[PDB]
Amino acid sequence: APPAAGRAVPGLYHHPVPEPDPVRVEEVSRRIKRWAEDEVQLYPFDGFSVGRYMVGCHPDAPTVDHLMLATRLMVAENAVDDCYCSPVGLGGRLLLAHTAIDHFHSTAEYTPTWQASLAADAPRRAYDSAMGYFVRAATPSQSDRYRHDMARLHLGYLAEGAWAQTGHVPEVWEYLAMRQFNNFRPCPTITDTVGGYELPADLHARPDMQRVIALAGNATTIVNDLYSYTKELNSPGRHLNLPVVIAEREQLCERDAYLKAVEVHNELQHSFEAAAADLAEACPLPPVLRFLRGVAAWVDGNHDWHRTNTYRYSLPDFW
C-alpha cells in the first residue's frame, strides 16, 4: 500500500498551490506544440503537462508570451537531456549545443559553418530559437545571467556523465555538489524576466542572494530525486539520486536512505526560506522582494507538478 496517487511524499515540507489557470494552460499548450512542430521540428507531444508546469511555476507572468519565454527554454533543455543524456563524447556535444545559448564569434570563413550547425538537430534548433525569443525580451544582464546558469547546468551534467562512465558512486556531499549544478536553477532564476521586471545585476550578484538561489535550486532539485525514485529503479542501469547514494555510501537500507533524503530536502527548503526572509529584511527593494517571491512560487509550483504527476509514477511503499 504505497501512498495514494496525487498525494505528496509523506514528511516532505511543502506549500499547497492553487489550481493553475486552465485558460492559460491550454493556450501555452497550443503555442508550444506549434513552436515544437512548426518552428523547430522538435520531433519527426505533451503540451498540456508543460503548460500546467509553467503556469503553476510562474503565477505572476503578465502574459502568455512571457510564459512562453520559460516554456520554450524548458522544452529545449529537455530535448538536450533526452537526446544527448554512452556518456563518452558528451562534453563535445554539450559545448556545441551551448554555442546556441552563448554564441560563437569567429572569422568570415568559419562563422557560417557554425551557423548552419545550429539547424542540425532538435536540441540546437530548440535552443537557438528559444534563446532568440529570450534575448529579444530580456535585458542583456538577464540574458548573461541565464547563460551562466546554463554553463552551470552543463558542468553538472558532465560530472554526472563522467561518474557514469566508470560506475563511480560519489560521497553524499559530492553527489549533492554535482546536483547543485545539474539542477532546476536556470528555471526559477528567470522568474523576473517572466514576471516582466528586472532584478538588477548588482543585487543578483550579492553573496546572500547567490546563497538564497542555490538553496532553493538544491531543494527543489532533490524534490525531483524523491518523486522520480521509483521510476529510476527500472532505468537502463544504475542512475544516481540522493536516496540511492545515501544507501550505497552510508550503507543504509533503501527505506531509511529515502527517509533521510526527505529530511535533507526539508532542511534545504527551510534554510532557503530563512535566507530569503533575511535578505527581504536586509534589502527590501521592490524587485528584490518580487524576485524572492517569484523563486518561492517556482519552487512550490515545481513541487506541485511533481505531486500531480504521481498519477503516472508511483511513490515507493515506505510508509
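Throughout, we count residues from 1 along the sequence that is shown.
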* Asked: Per the record, how many residues of the deposited chain fall between residue 44 and residue 45 without being modelled: none, 1 to 3, 4 to 9, or 10 or more?
  -> 4 to 9
* Asked: Are any deposited residues left out of the model between residue 85 and residue 86, and how many (none, 1 to 3, 4 to 9, 10 or more)?
  -> 4 to 9
* Structure fact -> Mean B factor on CA atoms, stretches 68-76 and 235-243, record says higher is 235-243
* Mean CA B-factor: is it higher for 89-97 or for 222-230? -> 222-230
* Most elevated Cα B-factor in the entry, residues 128, 171, 160, 81 -> 81
* **Residue with maximal Cα B-factor (values as given in the PDB entry) among 282, 32, 264, 275** => 282
* To do: Would you check the entry's CA temperature factor for residue 118 and let me know if it's in the chain's lowest, middle or highest third?
  => middle
* Would you mind checking where the Cα B-factor of residue 56 ranks among the modelled residues of its chain, as the lowest, middle or highest third? => middle
* Structure fact -> The third of the chain into which the C-alpha temperature factor of residue 287 falls is the highest
* Would you mind ranking residue 298 by its C-alpha B-factor against the rest of the chain and naming the third, lowest, middle or highest? => lowest
